[PDB]
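1. experimental structure and sequence below, a few questions after.
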Amino acid sequence: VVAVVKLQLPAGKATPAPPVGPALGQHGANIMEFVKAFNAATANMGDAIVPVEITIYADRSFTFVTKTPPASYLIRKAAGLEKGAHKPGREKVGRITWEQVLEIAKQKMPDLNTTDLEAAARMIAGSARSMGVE
Amino acid sequence: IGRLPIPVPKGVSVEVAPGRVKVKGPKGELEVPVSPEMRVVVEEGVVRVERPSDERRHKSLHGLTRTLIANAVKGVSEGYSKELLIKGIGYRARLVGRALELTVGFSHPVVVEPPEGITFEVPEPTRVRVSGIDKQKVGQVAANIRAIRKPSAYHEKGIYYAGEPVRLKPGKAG
Amino acid sequence: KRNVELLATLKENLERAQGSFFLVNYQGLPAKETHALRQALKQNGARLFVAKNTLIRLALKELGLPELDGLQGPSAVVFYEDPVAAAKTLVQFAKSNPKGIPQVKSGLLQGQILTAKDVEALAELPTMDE
Amino acid sequence: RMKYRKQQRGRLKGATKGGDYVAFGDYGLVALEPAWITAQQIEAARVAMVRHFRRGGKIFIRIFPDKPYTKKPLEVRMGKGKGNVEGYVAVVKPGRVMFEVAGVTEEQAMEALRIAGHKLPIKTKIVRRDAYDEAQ
Amino acid sequence: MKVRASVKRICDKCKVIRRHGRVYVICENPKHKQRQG
Amino acid sequence: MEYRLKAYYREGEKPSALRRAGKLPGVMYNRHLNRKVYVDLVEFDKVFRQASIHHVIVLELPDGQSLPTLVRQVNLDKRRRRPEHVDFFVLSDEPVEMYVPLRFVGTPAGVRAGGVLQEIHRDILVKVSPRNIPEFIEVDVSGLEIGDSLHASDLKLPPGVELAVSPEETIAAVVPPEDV
Amino acid sequence: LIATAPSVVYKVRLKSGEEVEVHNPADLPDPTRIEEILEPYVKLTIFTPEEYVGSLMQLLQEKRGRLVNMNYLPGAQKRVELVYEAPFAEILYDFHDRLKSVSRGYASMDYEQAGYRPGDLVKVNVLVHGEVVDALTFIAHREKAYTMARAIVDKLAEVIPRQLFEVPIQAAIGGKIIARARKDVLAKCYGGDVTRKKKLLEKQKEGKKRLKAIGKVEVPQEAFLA
RNA sequence: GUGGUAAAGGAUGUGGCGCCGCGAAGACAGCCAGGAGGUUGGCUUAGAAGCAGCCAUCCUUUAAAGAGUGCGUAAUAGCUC
């Protein structure tokens, strides 16, 4: 039970093999086939970087649920944006309507130790030296 | 403020002497070099040096003053010592009692008889060390007994103290 | 050069916006996890400056900075200068304390505090958490 | 190379002392009491320059090429009246102002200047903006 | 590698050396014999 | 702000002995009320450094005089750098020569696009203006790219306007990279 | 005999439809625009202990390696099952010896080959004053042009020099050259004449221009082939 | 053992000299625990979600706020700073 170990990653993806495979692998992983129960999450929620993360044990239990992000990618959920595919930074619209990130966030403040005061009006601007809502 | 602040316990027999102050301890009677122009007030037995002036020679002398003498009391507070440890799949050691052991030349009358304040400690099949009146030549003969086959920029086999994180780069690979 | 001026004025104010003092010396656990204390204040109230760990001499005798009538606590370790007045000290203080015991090697050690103005006894502080 | 369409065929000599002046553009260099410097080397500067300034940070070069030299034919013996040609230099004596403005900014030049400084057959010195001048 | 010349702090952070009159630099890496002596 | 302490000696000998002292050659000029007062290094040299200086006017302090003065001709060494001998003019009545300061803050029309840099032009203007004179005369331009560059058609000078140099001769320049 | 290490033949598919046409390294010089060599390949299917992949995945890219499909057997211990397609001949040089070292000679391998259609390779040749030289050049794939250039090209010097011409036998792989691989009468009229020296210096100097030209052959092949 | 026929460039050689970081609400260290709390990449995603080949130009803390200097590959760790 208390065998959990460090292992952060993304998801919403149907194919664990290219990514999730050498993590706990010989390191202590067992079973595979998480994709069927990725559907317990990846059918909808988790596109905001929402990792399981599973735990250690004799077997591989399953793939069920996923823990919510800290993320520079959570509070800005309502697009996944569109900029950055061709050379991060630079042109390619630094801006589309001011509330768009706050209006979609606000409820951004899930998992963290205890409690930050606000996901929206009083913290969003800082993840843009972590990105570019700046 | 920090250039001469030494408490000096043990009931130490340190007192300024023509180049060579007195010592007592586990068996202590040691003398230390000085250049007299310094001198140190040693009332009761304090270490609290008087600098002859303050040009760079003397002020670098200020440390040779302090430091040498600094451990000099600490060293006789015990049988002063450094931790030490060879390890490696192929070798051996044995305190004997009155012979140095070791096995890494591998046809090996290794022993040189220990000098003076030196005394060996056989802790663990691999962790031997040394102790005594000295620090410096304890830092030497140990290094000397270290001096025989030191490194192995690959597999561990290295004779060590506690040892720095031994630097490690691949042989033919890994 | 860097004297009684900015960077050392508004820091007095949370202690001075009212006067319900609080303090802590903890920082013995990683900041990556210590934030559990840093985030505790919202559960303990709302984004309170609990466990700020303000600088010694720049806050070890902060009364010297701005006449706080002597915050005679413990100069040992860092001084949080926790602004309980900034939050809502009452039974809420227990949330900032109980979390500091179970977590870390004492994730939040008990320290001097002063509701409104006059200091409470340090021994009575744990009883005052409720 | 950098010379052309000559008035003559061979200068005479001298060298004693001279005078250049202020920088153009708040990045530059200067030296001492130089002997003549060959054009390749002269051009080598900019050649040495070009790679380093963001491998592109544009810069004005500097002083123009000058005097002829030759071993006549080669190494026979004097018999020549003094002729033939190959290489060209600069009038170089008070420590001429070197030209180094770009906007390429800071150390990138300043060590390229050391590159330049390590370059070239005279001890030099390093300069930028200082104290103006004025002309009609 | 006793180079004849130059020497300019190439194990990044590095110690200037003064010994036997001779003057060198050693840092953390043997692959840095800056003995211009 | 600066002073000086006077020296009777002039022309040849003495300054060098004071050049050795670093005490410096100097000029007091007053529309033919000339005098040779003699400077000294470092500080008044620091004064030279004041950027707005050799432009924005300065006031020496002989025992009594409180006269603001201007730079113009200044002697300059070539046995090293560091100037040979600075010279001066306090205003009298109708100020005329006015080599007026510039530290242009034009719009970066090119760097985000073609990458051309704003290569400097005049550094500073020569424009007449009696005693009503700003620190930073300014000319914004948005046509700044490639190599061919716009000219100073439009100086837009502060209160004491004049095209005292010559009726317009280029505003600035930008350096083309690879005929881009 | 001589162990020319590898000797892959591959399969060529010249345009206009000419099938394999008997692929080889000397079967019909290049007459028409090649069809990009093209051939098969071999996937990666060999167990391994501990985490030795680090060395494999790195060296594995010996030929634009393509993670066929990494795997990790369960219940085992460290033993993994990596997979990556590649060529045949290539896996015959600087592979075996490495297959062991990389993973300390742990575990083996076994595939059935795979891959076709495209696949760079070109035809790196060589130069030697003459032309065509012995019979080298194959398919310089992945900068493989100069990769072996400073190697094979610099074939020491054919052991034999023959004459004092000093012919420069480069490597006409397909450029644009790449690789870069006399009596003593002059000093006899001693002590003088940087004149007459030149006179007799030109005499022989003229022969070179009339030698390398007339002196046909000058091909000392059949040396060591290395 | 400088006097003792040598350049270049190295040189915390050393000397004194003027210019500028003392912040005694006290520093740069040297030390010791932290060494960031939503600080996690759209272009590689073979991973970088600083610590290979691809942006750093706005907030939360203030203990400080490393946009992150570091050793490198399954991200990552883990040691600096």
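-> Yes, it's here. Numbers count the residues shown, from 1 in each chain, chains lettered A, B, ... in the order given.
2. hmm, residue C:15 is touching residue C:68, no?
-> Yes. Counting by C-beta atoms under 8 Å, residue C:15 touches residue C:68, with 6.3 Å between them. Every residue, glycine included, has its C-beta placed from N, CA and C.
3. what residues does chain G have near chain B?
-> With C-beta under 8 Å from any C-beta of the partner chain as the criterion, chain G meets chain B at residues G:52, G:55, G:101-102, G:104.
4. closest to chain D among these?
-> residue G:55 (34.9 Å; C-beta to the nearest C-beta).
5. just give the closest residue to that closest one, not the sequence neighbours.
-> residue G:102 (4.0 Å; C-beta to C-beta, 6 or more residues apart in numbering or on different chains).
6. next, the contact list for the one you found, please.
-> Contacts of residue G:102 were listed using C-beta atoms under 8 Å, 6 or more residues apart in numbering or on different chains, and they are B:173, G:52, G:55-56, G:59.
7. buried among those residues? Need that as a selection in PyMOL.
-> Filtering the contacts of residue G:102 down to the buried ones (16 or more other C-beta atoms under 10 Å in any protein chain shown) takes a single PyMOL command:
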select buried, chain G and resi 52+55+56+59
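8. A strand includes residue F:5, no?
-> No. Read with DSSP: H, G, I helix; E, B strand; the rest coil, residue F:5 is coil and lies in no strand.
9. residue F:38 is in contact with that one, correct?
-> Yes. Look at residue F:5 against residue F:38 with C-beta under 8 Å: they come within range, at 7.3 Å.
10. higher neighbour count, those two?
-> Just comparing residue F:5 and residue F:38: by other C-beta atoms under 10 Å in any protein chain shown the higher neighbour count belongs to residue F:38, 21 against 13.
11. whatever residue of chain B ends up closest to chain A: how many residues sit nearby?
-> For chain B, the residue closest to chain A is residue B:174, as judged by C-beta to the nearest C-beta, at 16.3 Å. Using other C-beta under 10 Å, residue B:174 has 16 neighbouring residues.
12. residues touching it, list them.
-> Per C-beta under 8 Å, 6+ apart, neighbours of residue B:174: G:52, G:55, G:104.
13. is it part of a helix or strand, or is it coil?
-> coil.
14. now swap in residue F:153 and tell me
-> Strictly by three-state DSSP, residue F:153 counts as coil.
15. now it: how far from residue F:169?
-> As for residue F:153, its distance to residue F:169 is 10 Å (criterion: C-beta to C-beta, to the nearest Å).
16. go on, residue G:211?
-> Applying C-beta to C-beta to residue G:211 and residue F:169 gives a distance of 68 Å.
17. now swap in residue D:109 and tell me
-> The separation that residue D:109 has from residue F:169, given C-beta to C-beta, amounts to 29 Å.
18. flag every residue of chain F that's near chain D.
-> Selection of chain F residues close to chain D by C-beta under 8 Å from any C-beta yields F:48, F:54, F:72, F:74, F:76, F:78-79, F:81, F:83, F:99, F:117-120, F:123-124, F:126, F:175, F:177.
19. neighbours around residue 35, how many?
-> Using chain A here. Other residues lying near residue A:35 total 14 when counted by other C-beta under 10 Å.
20. was after chain E, sorry
-> Here the number of neighbours of residue E:35 (other C-beta under 10 Å) works out to 16.
21. for it, give me its contacts.
-> Taking C-beta under 8 Å, 6+ apart as the criterion, residue E:35 is in contact with E:1-3, E:22, E:24.
22. go through the residues you listed and name the one nearest residue E:15.
-> residue E:24 (8.8 Å; C-beta to C-beta).
23. quick one: residue B:98 from residue D:110, how far?
-> When residue B:98 is compared with residue D:110 (using C-beta to C-beta), they lie 67 Å apart.
24. out of the two, name the residue with the larger neighbour count.
-> Between residue B:98 and residue D:110, residue D:110 has the larger neighbour count (other C-beta under 10 Å), namely 17 against 8.
25. looking at it, that one is touching residue D:128, isn't it?
-> No. Contact between residue D:110 and residue D:128 fails when scored by C-beta under 8 Å: they sit 9.1 Å apart.
26. if I look at whichever residue of chain C sits closest to chain D, how far off is residue A:100?
-> In chain C, no residue comes nearer to chain D than residue C:1, which is 26.4 Å away by C-beta to the nearest C-beta. Residue C:1 is 45 Å from residue A:100, where distance means C-beta to C-beta.
27. between these two, which has more neighbouring residues?
-> For residue C:1 versus residue A:100, neighbours defined as other C-beta under 10 Å are more numerous around residue A:100 (15 against 2).
28. in which helix or strand would I find that one?
-> Element membership of residue A:100, judged by DSSP states H and E, is helix A:99-104.
29. ok, now residue D:48?
-> helix D:39-50.
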